[PDB]
Amino acid sequence: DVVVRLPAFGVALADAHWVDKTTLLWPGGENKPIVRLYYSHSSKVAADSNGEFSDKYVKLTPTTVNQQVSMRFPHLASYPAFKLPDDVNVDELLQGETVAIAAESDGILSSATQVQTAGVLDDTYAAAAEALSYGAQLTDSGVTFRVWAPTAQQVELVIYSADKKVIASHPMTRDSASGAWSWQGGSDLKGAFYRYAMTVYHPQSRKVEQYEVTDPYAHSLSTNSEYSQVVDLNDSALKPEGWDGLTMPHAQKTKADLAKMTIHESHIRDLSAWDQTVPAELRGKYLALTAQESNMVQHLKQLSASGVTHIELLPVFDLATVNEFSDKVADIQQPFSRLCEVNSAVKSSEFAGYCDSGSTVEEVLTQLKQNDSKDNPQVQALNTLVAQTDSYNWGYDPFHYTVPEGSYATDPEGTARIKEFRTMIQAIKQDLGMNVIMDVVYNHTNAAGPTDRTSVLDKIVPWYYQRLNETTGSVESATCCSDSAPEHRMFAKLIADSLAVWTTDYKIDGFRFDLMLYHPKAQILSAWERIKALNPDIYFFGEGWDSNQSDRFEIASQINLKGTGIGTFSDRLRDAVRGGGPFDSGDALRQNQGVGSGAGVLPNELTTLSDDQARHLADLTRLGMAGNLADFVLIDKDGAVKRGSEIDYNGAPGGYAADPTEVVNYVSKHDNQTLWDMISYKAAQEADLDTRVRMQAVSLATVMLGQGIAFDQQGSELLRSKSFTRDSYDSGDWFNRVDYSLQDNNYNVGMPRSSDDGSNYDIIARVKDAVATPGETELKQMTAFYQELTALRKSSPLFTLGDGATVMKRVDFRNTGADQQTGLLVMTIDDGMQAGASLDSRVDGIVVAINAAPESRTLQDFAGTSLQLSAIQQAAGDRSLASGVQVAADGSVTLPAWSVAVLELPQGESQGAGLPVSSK
Ligand SMILES: OC[C@H]1O[C@H](O)[C@H](O)[C@@H](O)[C@@H]1O
Ligand SMILES: [Ca+2]
Ligand SMILES: [Ca+2]
Ligand SMILES: [Ca+2]
Ligand SMILES: [Ca+2]
């Protein structure tokens with residue numbers, strides 16, 4: 001056997017992949033005579049002083065990739081394949097560093113690279129490891145700790161006292177079949193803090209690292225997640241009174257049940273950070289939801305009574321971007337002096353002069369408003385510094401997937417947060433009458449590598465839980481941060497086990513997957529199958545659409561999830577009604593008007609939108625109101641008969657769903673500009689304040705009165721503004737403010753962050769002061785419009801049919817084709833004899849008319865049909881979106897500008913003719 005030696009001829013990159021027991025995929029070994037897999041247990045492979053590689057190695061022989069490997073890693077199927085002998089001691093090699101080396105016949109090195117072992121790890125240990133349970137599993141009879149670390153050389157369980165002093169370090173017992181380590185002790189360990197002391201090779205640093213890491217299956221933590229804690233979530237001491245009997249206020253069993261879902265996407269701080277009627281110690285906490293006397297809680301109670309059915313919570317799992325040690329945090333309601341003591345950047349800034357002042361941070365920000373402008377964005381200048389050390393962040397930064405966030409609890413030390421979180425869930429369901437959905441972020445981790453404080457998974461099993469670049473081994477960042485690998489068996493299991501805890505132990509009713517398309521379709525479905533065993537009515541849905549992982553596996557996208565029952569946010573109606581797209585900047589923000597802001601019918605001074613383009617948006621909007629079904633048949637802008645899949649959406653088929661319950665419509669969400677800020681960017685100069693409020697309502701009407709599940713951002717009913725901020729994840733209490741005292745909508749409170757919106761300062765300055773800023777009058781008006789819409793949505797089962805086939809049999813549209821009155825959306829829902837059975841004993845049909853235009857419009861296609869205005873809208877009088885609507889003798893219906901009318905055909909002795917869907 002020749003000896004590999006030197007003639008930059010050392011280990012470089014990591015483009016070799018050990019995908020299974022005997023297969024090694026590596027481009028560098030092609031056509032090369034000598035292909036080997038060198039390995040070193042405790043050392044870094046490298047040529048010795050003599051220039052030779054004298055470390056142990058295994059001989060690799062050319063081969064052809066097998067079907068099994070090709071299916072698992074399609075993106076690597078083209079790589080030159082090499083086989084290892086069947087007697088290779090895989091386990092021992094995986095305990096240290098392995099490097100693939102290739103050299104010419106003469107033995108002169110041609111290339112050497114590191115090896116990515118995720119594949120062989122799954123092939124060798126996954127099945128055995130999947131059959132076990134992980135974490136500190138405490139029962140009243142004892143505890144069993146288990147952690148998966150197939151490559152670690154040593155793992156010790158370190159037990160800490162409450163004061164964080166080591167009271168014991170136990171070497172764990174490794175299971176050869178699974179590669180998991182365990183340790184069994186007595187129940188006296190209940191409540192104890194612990195960490196796993198790892199001795200493991202990390203490919204990134206190429207060294208056998210030695211560090212203590214928290215449990216990835218942690219179910220309790222110390223302040224700021226420094227230590228994991230042994231806990232039995234079943235303990236009655238961790239449950240509010242009557243917890244076990246908590247039931248879901250809204251059904252989610254049938255598709256009809258699901259269709260009634262009306263979501264209010266909220267954030268723990270956005271809800272109570274500014275509410276002075278919420279006890280001070282509960283502001284920005286889970287428990288604020290229990291302050292029945294507060295403006296915020298009373299507001300949500302009324303929304304629920306009016307038709308909002310679900311509260312969706314932005315990250316409430318353990319996020320990493322907020323320091324849980326209160327002494328290290330300063331918020332705007334506190335003295336500027338406090339800010340200076342915890343934030344050295346502020347103390348060294350142009351604002352240092354405020355340090356020894358007697359002002360609070362918010363008082364300073366308030367005074368900076370008058371002289372704030374595009375040329376002097378001082379409000380955001382100060383806020384950007386405040387953001388570094390405040391209590392604010394959306395939290396899409398996973399630290400621990402199965403422990404509640406600590407900063408939202410009154411006491412982040414230990415188990416305390418568990419009961420408070422549950423108390424909140426109970427309050428929402430029991431006292432506010434709404435189901436709860438949790439935003440989950442399994443698509444990435446906050447960090448990876450062997451050094452970052454928040455790198456947990458990548459420290460315990462390096463290069464396994466993260467998705468890596470095929471050539472460099474670098475952790476990918478397409479998600480934003482440290483991309484995870486849901487396609488790997490043990491991470492898929494971690495996800496499913498995690499969801500099981502939130503479902504069973506925290507009684508969560510549904511989960512919204514962040515960037516769900518970075519997950520394999522099969523993995524999402526498998527997780528749903530597992531969770532349905534715990535809660536048969538659990539609902540799964542998600543978003544993303546920037547995919548790019550299709551080369552590795554079939555992704556969980558809108559298209560691929562058709563007919564599966566897994567929901568996806570639809571960006572079709574969203575874009576059509578809001579106008580433009582999320583990538584717009586500068587003038588495009590104003591030019592790209594939407595149906596909700598007058599596309600075509602009320603053009604601003606910059607837009608070039610044609611009537612045809614405006615009508616195309618109307619096609620996308622109507623399709624969306626019908627559940628954005630692939631097979632829904634409608635008449636398009638040109639009078640052509642088209643299926644939803646035939647309506648174009650920027651190059652892709654518009655309609656993609658099988659059932660409306662697989663589609664979540666919306667016109668505002670936590671990310672991107674608020675609906676009001678978009679209307680402010682797009683509205684024509686002549687559109688006055690009152691008109692803009694109606695535009696907000698008309699925009700929301702397309703969602704609320706549609707067949708798809710309805711979703712909306714907390715505060716849309718209050719014309720919520722972020723002062724034009726596009727991405728407010730770290731913009732603090734200032735820009736994310738929601739005022740439940742109803743004084744204003746937080747519009748015009750300073751130019752938004754320059755780093756992300758600086759390119760929009762020009763357009764902002766030009767449109768910002770077009771009209772007055774909303775006040776109590778406008779907020780109360782909008783809340784009334786909003787509650788009317790949600791009340792209408794639940795006023796009849798016809799609005800939420802659930803089944804795609806039923807929608808196709810009952811839903812149709814009028815005012816379509818080339819001779820249509822632009823901006824007028826007229827949707828009919830049949831309940832007559834031709835539709836089948838009467839689902840609503842009070843009506844034979846319903847007509848939804850949304851006049852998104854500055855003209856009054858008259859409908860003549862319902863003449864002699866005895867159409868009547870909804871009792872709900874009649875009851876609202878001149879405060880209704882239907883104020884001014886006229887139902888004449890001849891049967892014609894006239895709608896005022898920017899109005900919404902829900903009309904019905906009263907049912908007589910028997911089911912009537914209704915509004916049959918026309919043959920197309
Ligand atoms: O915290 C991770 C990410 O969260 C949200 O997606 C923010 O929009 C983004 O800016 C940030 O990088
Ligand atoms: Ca945290
Ligand atoms: Ca912050
Ligand atoms: Ca890729
Ligand atoms: Ca009926």
# chains A, B, ... in the order shown; residues from 1 in each chain; ligands from 1
>>> residues_around(residues="residue 70 (chain A)", least_positions_apart="4", cutoff="12 Å", atoms="only C-alpha atoms", output="ChimeraX atom specification")
/A:19-20,23,25,64-66,74-81,119,551-553
>>> residues_near_ligand(ligand="ligand 5", cutoff="7 Å", atoms="only C-alpha atoms and all ligand atoms", output="short mmCIF file (atom, residue, chain, number, x, y, z; two decimals) with N, CA, C and O atoms, in the first residue's frame")
data_model
loop_
_atom_site.label_atom_id
_atom_site.label_comp_id
_atom_site.auth_asym_id
_atom_site.auth_seq_id
_atom_site.Cartn_x
_atom_site.Cartn_y
_atom_site.Cartn_z
N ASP A 831 -78.20 28.58 -1.76
CA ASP A 831 -78.73 27.68 -0.74
C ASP A 831 -80.08 27.19 -1.26
O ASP A 831 -80.89 26.65 -0.52
N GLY A 832 -80.29 27.40 -2.56
CA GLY A 832 -81.53 26.99 -3.21
C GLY A 832 -81.56 25.51 -3.55
O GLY A 832 -80.59 24.78 -3.33
N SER A 838 -80.78 22.72 2.14
CA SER A 838 -80.72 24.06 2.71
C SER A 838 -79.84 23.99 3.96
O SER A 838 -80.19 23.33 4.93
N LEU A 839 -78.70 24.67 3.92
CA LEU A 839 -77.78 24.68 5.06
C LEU A 839 -78.15 25.80 6.02
O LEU A 839 -77.74 25.79 7.19
N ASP A 840 -78.92 26.76 5.53
CA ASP A 840 -79.36 27.89 6.34
C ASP A 840 -80.87 28.03 6.17
O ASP A 840 -81.35 28.47 5.13
N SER A 841 -81.60 27.66 7.22
CA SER A 841 -83.06 27.71 7.20
C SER A 841 -83.66 29.10 7.10
O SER A 841 -84.86 29.25 6.87
N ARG A 842 -82.83 30.13 7.25
CA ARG A 842 -83.32 31.51 7.19
C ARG A 842 -83.20 32.16 5.82
O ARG A 842 -83.86 33.16 5.54
N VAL A 843 -82.36 31.59 4.96
CA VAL A 843 -82.16 32.17 3.64
C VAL A 843 -81.99 31.13 2.54
O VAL A 843 -81.56 30.01 2.79
N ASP A 844 -82.32 31.52 1.31
CA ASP A 844 -82.17 30.64 0.16
C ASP A 844 -80.91 31.04 -0.59
O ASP A 844 -80.53 30.41 -1.58
N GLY A 845 -80.27 32.10 -0.12
CA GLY A 845 -79.06 32.57 -0.77
C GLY A 845 -78.55 33.86 -0.15
O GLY A 845 -79.30 34.58 0.51
N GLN A 907 -85.94 32.84 3.34
CA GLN A 907 -86.52 31.54 3.01
C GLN A 907 -87.96 31.44 3.49
O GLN A 907 -88.25 31.73 4.65
N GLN A 911 -87.65 25.47 0.81
CA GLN A 911 -86.42 25.92 0.19
C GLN A 911 -86.80 26.54 -1.15
O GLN A 911 -87.60 25.98 -1.89
#
>>> atom_distance(atom1="CA of residue 661 (chain A)", atom2="CA of residue 634 (chain A)")
19.5 Å
>>> closest_atom_pairs(of="chain A", to="ligand 4", cutoff="10 Å", atoms="only C-alpha atoms and all ligand atoms", output="tab-separated table")
residue	atom	partner	partner_atom_place_in_ligand_line	distance
A:75	CA	ligand 4	1 (Ca)	8.2
A:467	CA	ligand 4	1 (Ca)	8.8
A:468	CA	ligand 4	1 (Ca)	8.4
A:469	CA	ligand 4	1 (Ca)	6.8
A:470	CA	ligand 4	1 (Ca)	7.8
A:476	CA	ligand 4	1 (Ca)	8.3
A:478	CA	ligand 4	1 (Ca)	8.9
A:547	CA	ligand 4	1 (Ca)	9.7
A:548	CA	ligand 4	1 (Ca)	6.5
A:549	CA	ligand 4	1 (Ca)	5.7
A:550	CA	ligand 4	1 (Ca)	8.3
A:551	CA	ligand 4	1 (Ca)	7.0
A:552	CA	ligand 4	1 (Ca)	7.2
>>> residues_around(residues="region 728-738 of chain A", least_positions_apart="2", cutoff="7 Å", atoms="only C-alpha atoms", output="number ranges by chain")
A: 270-271, 273-274, 387, 392-394, 715, 720, 722-723, 725-726, 740, 745-746
>>> write_last_selection(atoms="C-alpha atoms", output="short mmCIF file (atom, residue, chain, number, x, y, z; two decimals), in the first residue's frame")
data_model
loop_
_atom_site.label_atom_id
_atom_site.label_comp_id
_atom_site.auth_asym_id
_atom_site.auth_seq_id
_atom_site.Cartn_x
_atom_site.Cartn_y
_atom_site.Cartn_z
CA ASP A 270 -47.73 44.31 21.48
CA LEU A 271 -50.81 43.40 23.51
CA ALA A 273 -46.75 46.94 26.80
CA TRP A 274 -48.67 50.22 26.49
CA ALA A 387 -33.57 47.81 20.66
CA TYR A 392 -38.72 43.44 22.63
CA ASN A 393 -38.40 41.01 19.73
CA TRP A 394 -40.81 38.94 17.66
CA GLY A 715 -54.69 45.93 15.50
CA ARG A 720 -52.66 49.88 13.22
CA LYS A 722 -45.87 51.04 12.56
CA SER A 723 -44.99 54.48 11.19
CA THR A 725 -41.81 50.24 9.36
CA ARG A 726 -41.65 47.26 6.99
CA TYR A 740 -56.10 50.17 23.43
CA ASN A 745 -53.09 54.29 15.60
CA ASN A 746 -49.35 54.91 16.12
#
>>> residues_near_ligand(ligand="ligand 1", cutoff="7 Å", atoms="only C-alpha atoms and all ligand atoms", output="ChimeraX atom specification")
/A:394-397,480-481,671,727-729
>>> write_last_selection(atoms="N, CA, C and O atoms", output="compact mmCIF listing (two decimals), in the first residue's frame")
# COMPACT_ATOMS: atom_id res chain seq x y z
N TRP A 394 -39.77 39.86 18.08
CA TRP A 394 -40.81 38.94 17.66
C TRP A 394 -40.48 37.55 18.21
O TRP A 394 -41.38 36.80 18.60
N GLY A 395 -39.20 37.22 18.23
CA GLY A 395 -38.76 35.94 18.76
C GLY A 395 -38.57 34.77 17.81
O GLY A 395 -38.54 33.62 18.25
N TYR A 396 -38.43 35.04 16.51
CA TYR A 396 -38.21 33.95 15.56
C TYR A 396 -36.75 33.53 15.66
O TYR A 396 -36.04 33.41 14.65
N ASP A 397 -36.31 33.29 16.89
CA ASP A 397 -34.94 32.92 17.21
C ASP A 397 -34.95 31.81 18.24
O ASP A 397 -34.74 32.05 19.43
N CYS A 480 -32.50 32.81 7.20
CA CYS A 480 -32.06 34.07 7.79
C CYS A 480 -30.87 33.79 8.65
O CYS A 480 -29.89 34.54 8.70
N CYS A 481 -31.00 32.67 9.34
CA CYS A 481 -30.07 32.30 10.36
C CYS A 481 -29.34 30.96 10.19
O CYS A 481 -28.59 30.79 9.24
N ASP A 671 -45.29 40.55 9.61
CA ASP A 671 -44.22 40.93 8.69
C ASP A 671 -44.71 41.78 7.52
O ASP A 671 -45.84 41.63 7.05
N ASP A 727 -40.25 45.89 8.42
CA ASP A 727 -39.83 44.71 9.18
C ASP A 727 -39.54 45.17 10.60
O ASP A 727 -38.41 45.55 10.92
N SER A 728 -40.56 45.10 11.46
CA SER A 728 -40.46 45.59 12.83
C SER A 728 -40.06 44.63 13.94
O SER A 728 -40.23 44.96 15.12
N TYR A 729 -39.50 43.48 13.58
CA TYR A 729 -39.10 42.46 14.56
C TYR A 729 -38.28 42.93 15.76
O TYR A 729 -38.35 42.34 16.83
>>> residues_near_ligand(ligand="ligand 2", cutoff="6 Å", atoms="only C-alpha atoms and all ligand atoms", output="list in words")
residues 224, 318, 319, 320, 405 and 406 of chain A
>>> residues_around(residues="residue 7 (chain A)", least_positions_apart="2", cutoff="8 Å", atoms="only C-alpha atoms", output="list in words")
residues 5, 108 and 109 of chain A
>>> residues_around(residues="region 523-535 of chain A", least_positions_apart="2", cutoff="12 Å", atoms="only C-alpha atoms", output="ChimeraX atom specification")
/A:247-248,252-253,442-443,485-513,515-521,537-542,553-557,560-561,563-567
>>> residues_around(residues="residue 699 (chain A)", least_positions_apart="2", cutoff="9 Å", atoms="only C-alpha atoms", output="ChimeraX atom specification")
/A:577-578,594-597,667,675,694-697,701-703,852
>>> write_last_selection(atoms="N, CA and C atoms", output="PDB file, in the first residue's frame")
ATOM      1  N   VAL A 577     -55.284  42.646  -3.132  1.00  0.00           N
ATOM      2  CA  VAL A 577     -55.999  43.647  -2.347  1.00  0.00           C
ATOM      3  C   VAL A 577     -55.087  44.733  -1.773  1.00  0.00           C
ATOM      4  N   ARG A 578     -53.923  44.344  -1.253  1.00  0.00           N
ATOM      5  CA  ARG A 578     -52.969  45.306  -0.695  1.00  0.00           C
ATOM      6  C   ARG A 578     -52.316  46.096  -1.815  1.00  0.00           C
ATOM      7  N   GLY A 594     -53.750  48.581  -4.838  1.00  0.00           N
ATOM      8  CA  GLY A 594     -54.468  47.321  -4.801  1.00  0.00           C
ATOM      9  C   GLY A 594     -55.962  47.543  -4.915  1.00  0.00           C
ATOM     10  N   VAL A 595     -56.725  46.460  -4.959  1.00  0.00           N
ATOM     11  CA  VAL A 595     -58.167  46.591  -5.052  1.00  0.00           C
ATOM     12  C   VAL A 595     -58.659  47.395  -3.849  1.00  0.00           C
ATOM     13  N   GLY A 596     -58.035  47.162  -2.697  1.00  0.00           N
ATOM     14  CA  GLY A 596     -58.421  47.859  -1.482  1.00  0.00           C
ATOM     15  C   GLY A 596     -58.067  49.336  -1.442  1.00  0.00           C
ATOM     16  N   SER A 597     -57.134  49.756  -2.293  1.00  0.00           N
ATOM     17  CA  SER A 597     -56.733  51.158  -2.329  1.00  0.00           C
ATOM     18  C   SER A 597     -57.067  51.875  -3.644  1.00  0.00           C
ATOM     19  N   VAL A 667     -54.696  40.231   4.625  1.00  0.00           N
ATOM     20  CA  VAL A 667     -54.261  41.467   3.988  1.00  0.00           C
ATOM     21  C   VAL A 667     -53.321  42.231   4.908  1.00  0.00           C
ATOM     22  N   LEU A 675     -51.570  47.067   6.975  1.00  0.00           N
ATOM     23  CA  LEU A 675     -52.554  47.430   5.966  1.00  0.00           C
ATOM     24  C   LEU A 675     -52.713  48.952   5.894  1.00  0.00           C
ATOM     25  N   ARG A 694     -62.588  53.383   5.293  1.00  0.00           N
ATOM     26  CA  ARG A 694     -63.433  52.457   4.548  1.00  0.00           C
ATOM     27  C   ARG A 694     -62.579  51.563   3.651  1.00  0.00           C
ATOM     28  N   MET A 695     -61.462  52.086   3.148  1.00  0.00           N
ATOM     29  CA  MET A 695     -60.576  51.268   2.313  1.00  0.00           C
ATOM     30  C   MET A 695     -60.031  50.144   3.191  1.00  0.00           C
ATOM     31  N   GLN A 696     -59.695  50.478   4.432  1.00  0.00           N
ATOM     32  CA  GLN A 696     -59.188  49.466   5.349  1.00  0.00           C
ATOM     33  C   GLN A 696     -60.259  48.393   5.549  1.00  0.00           C
ATOM     34  N   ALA A 697     -61.505  48.821   5.740  1.00  0.00           N
ATOM     35  CA  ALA A 697     -62.609  47.885   5.962  1.00  0.00           C
ATOM     36  C   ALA A 697     -62.922  47.059   4.724  1.00  0.00           C
ATOM     37  N   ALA A 701     -62.741  43.136   4.240  1.00  0.00           N
ATOM     38  CA  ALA A 701     -63.973  42.452   3.870  1.00  0.00           C
ATOM     39  C   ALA A 701     -63.715  41.282   2.923  1.00  0.00           C
ATOM     40  N   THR A 702     -62.757  41.440   2.015  1.00  0.00           N
ATOM     41  CA  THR A 702     -62.457  40.377   1.065  1.00  0.00           C
ATOM     42  C   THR A 702     -61.985  39.133   1.799  1.00  0.00           C
ATOM     43  N   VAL A 703     -61.354  39.332   2.952  1.00  0.00           N
ATOM     44  CA  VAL A 703     -60.862  38.219   3.756  1.00  0.00           C
ATOM     45  C   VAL A 703     -61.975  37.655   4.643  1.00  0.00           C
ATOM     46  N   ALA A 852     -65.511  48.583  -3.999  1.00  0.00           N
ATOM     47  CA  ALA A 852     -64.221  49.225  -3.769  1.00  0.00           C
ATOM     48  C   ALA A 852     -64.008  50.244  -4.884  1.00  0.00           C
TER      49      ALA A 852
END
>>> residues_around(residues="residue 792 (chain A)", least_positions_apart="6", cutoff="12 Å", atoms="only C-alpha atoms", output="ChimeraX atom specification")
/A:260,262,306-308,701,703-706,785-786,798-800,846-848,869-876,880-882,900-904
>>> atom_distance(atom1="CA of residue 768 (chain A)", atom2="CA of residue 584 (chain A)")
17.3 Å
>>> select_by_dssp(residues="region 36-120 of chain A", states="strand (DSSP E)", output="ChimeraX atom specification")
/A:36-40,57-59,61-63,81-83,97-103,109-116
>>> write_last_selection(atoms="C-alpha atoms", output="PDB file, in the first residue's frame")
ATOM      1  CA  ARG A  36      -9.097   6.603   1.083  1.00  0.00           C
ATOM      2  CA  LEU A  37     -10.968   7.625   4.217  1.00  0.00           C
ATOM      3  CA  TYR A  38      -8.397   8.558   6.854  1.00  0.00           C
ATOM      4  CA  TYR A  39      -9.449   8.861  10.482  1.00  0.00           C
ATOM      5  CA  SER A  40      -8.077  10.115  13.791  1.00  0.00           C
ATOM      6  CA  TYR A  57      -7.255   4.774   6.923  1.00  0.00           C
ATOM      7  CA  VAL A  58      -9.801   2.686   5.041  1.00  0.00           C
ATOM      8  CA  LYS A  59      -9.630   1.794   1.343  1.00  0.00           C
ATOM      9  CA  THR A  61     -13.285   1.473  -4.187  1.00  0.00           C
ATOM     10  CA  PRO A  62     -15.261   3.105  -7.033  1.00  0.00           C
ATOM     11  CA  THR A  63     -18.933   2.144  -7.206  1.00  0.00           C
ATOM     12  CA  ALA A  81     -19.633   7.141  -5.473  1.00  0.00           C
ATOM     13  CA  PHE A  82     -17.161   5.057  -3.480  1.00  0.00           C
ATOM     14  CA  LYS A  83     -17.695   1.984  -1.323  1.00  0.00           C
ATOM     15  CA  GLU A  97     -12.364  13.160  12.583  1.00  0.00           C
ATOM     16  CA  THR A  98     -12.569  11.549   9.167  1.00  0.00           C
ATOM     17  CA  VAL A  99     -11.027  12.992   6.018  1.00  0.00           C
ATOM     18  CA  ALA A 100     -11.389  11.750   2.456  1.00  0.00           C
ATOM     19  CA  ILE A 101      -8.075  11.672   0.614  1.00  0.00           C
ATOM     20  CA  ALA A 102      -7.252  11.042  -3.036  1.00  0.00           C
ATOM     21  CA  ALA A 103      -3.856  10.742  -4.709  1.00  0.00           C
ATOM     22  CA  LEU A 109      -1.879  13.847  -2.774  1.00  0.00           C
ATOM     23  CA  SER A 110      -4.373  15.343  -5.229  1.00  0.00           C
ATOM     24  CA  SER A 111      -6.920  16.515  -2.645  1.00  0.00           C
ATOM     25  CA  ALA A 112      -8.143  16.013   0.928  1.00  0.00           C
ATOM     26  CA  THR A 113     -11.452  17.184   2.385  1.00  0.00           C
ATOM     27  CA  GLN A 114     -13.585  16.866   5.504  1.00  0.00           C
ATOM     28  CA  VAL A 115     -16.588  14.545   5.645  1.00  0.00           C
ATOM     29  CA  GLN A 116     -20.275  15.285   6.264  1.00  0.00           C
TER      30      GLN A 116
END
>>> closest_residue(among="A:287, A:180, A:763, A:132", to="residue 154 (chain A)", atoms="only C-alpha atoms")
A:180
>>> select_by_dssp(residues="region 55-118 of chain A", states="alpha helix (DSSP H)", output="VMD selection string")
chain A and resid 67 to 72 90 to 93 118
>>> write_last_selection(atoms="N, CA and C atoms", output="PDB file, in the first residue's frame")
ATOM      1  N   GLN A  67     -29.999   2.834  -5.309  1.00  0.00           N
ATOM      2  CA  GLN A  67     -31.323   3.438  -5.335  1.00  0.00           C
ATOM      3  C   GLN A  67     -31.691   4.062  -3.990  1.00  0.00           C
ATOM      4  N   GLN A  68     -31.352   3.375  -2.902  1.00  0.00           N
ATOM      5  CA  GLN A  68     -31.657   3.857  -1.559  1.00  0.00           C
ATOM      6  C   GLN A  68     -31.017   5.216  -1.288  1.00  0.00           C
ATOM      7  N   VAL A  69     -29.726   5.328  -1.577  1.00  0.00           N
ATOM      8  CA  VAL A  69     -29.007   6.576  -1.357  1.00  0.00           C
ATOM      9  C   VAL A  69     -29.468   7.676  -2.308  1.00  0.00           C
ATOM     10  N   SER A  70     -29.772   7.299  -3.546  1.00  0.00           N
ATOM     11  CA  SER A  70     -30.215   8.267  -4.543  1.00  0.00           C
ATOM     12  C   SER A  70     -31.550   8.898  -4.151  1.00  0.00           C
ATOM     13  N   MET A  71     -32.424   8.104  -3.545  1.00  0.00           N
ATOM     14  CA  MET A  71     -33.730   8.588  -3.121  1.00  0.00           C
ATOM     15  C   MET A  71     -33.623   9.472  -1.883  1.00  0.00           C
ATOM     16  N   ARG A  72     -32.725   9.111  -0.971  1.00  0.00           N
ATOM     17  CA  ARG A  72     -32.532   9.883   0.252  1.00  0.00           C
ATOM     18  C   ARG A  72     -31.907  11.245  -0.039  1.00  0.00           C
ATOM     19  N   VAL A  90     -17.689   1.468  11.582  1.00  0.00           N
ATOM     20  CA  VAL A  90     -18.348   2.764  11.469  1.00  0.00           C
ATOM     21  C   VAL A  90     -18.400   3.539  12.783  1.00  0.00           C
ATOM     22  N   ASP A  91     -18.855   2.884  13.846  1.00  0.00           N
ATOM     23  CA  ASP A  91     -18.965   3.539  15.144  1.00  0.00           C
ATOM     24  C   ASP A  91     -17.676   4.208  15.606  1.00  0.00           C
ATOM     25  N   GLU A  92     -16.568   3.475  15.562  1.00  0.00           N
ATOM     26  CA  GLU A  92     -15.292   4.023  16.001  1.00  0.00           C
ATOM     27  C   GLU A  92     -14.843   5.202  15.139  1.00  0.00           C
ATOM     28  N   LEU A  93     -15.035   5.097  13.827  1.00  0.00           N
ATOM     29  CA  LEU A  93     -14.640   6.178  12.928  1.00  0.00           C
ATOM     30  C   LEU A  93     -15.453   7.445  13.184  1.00  0.00           C
ATOM     31  N   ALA A 118     -23.941  13.230   8.413  1.00  0.00           N
ATOM     32  CA  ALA A 118     -25.366  13.144   8.746  1.00  0.00           C
ATOM     33  C   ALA A 118     -26.049  11.897   8.171  1.00  0.00           C
TER      34      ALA A 118
END
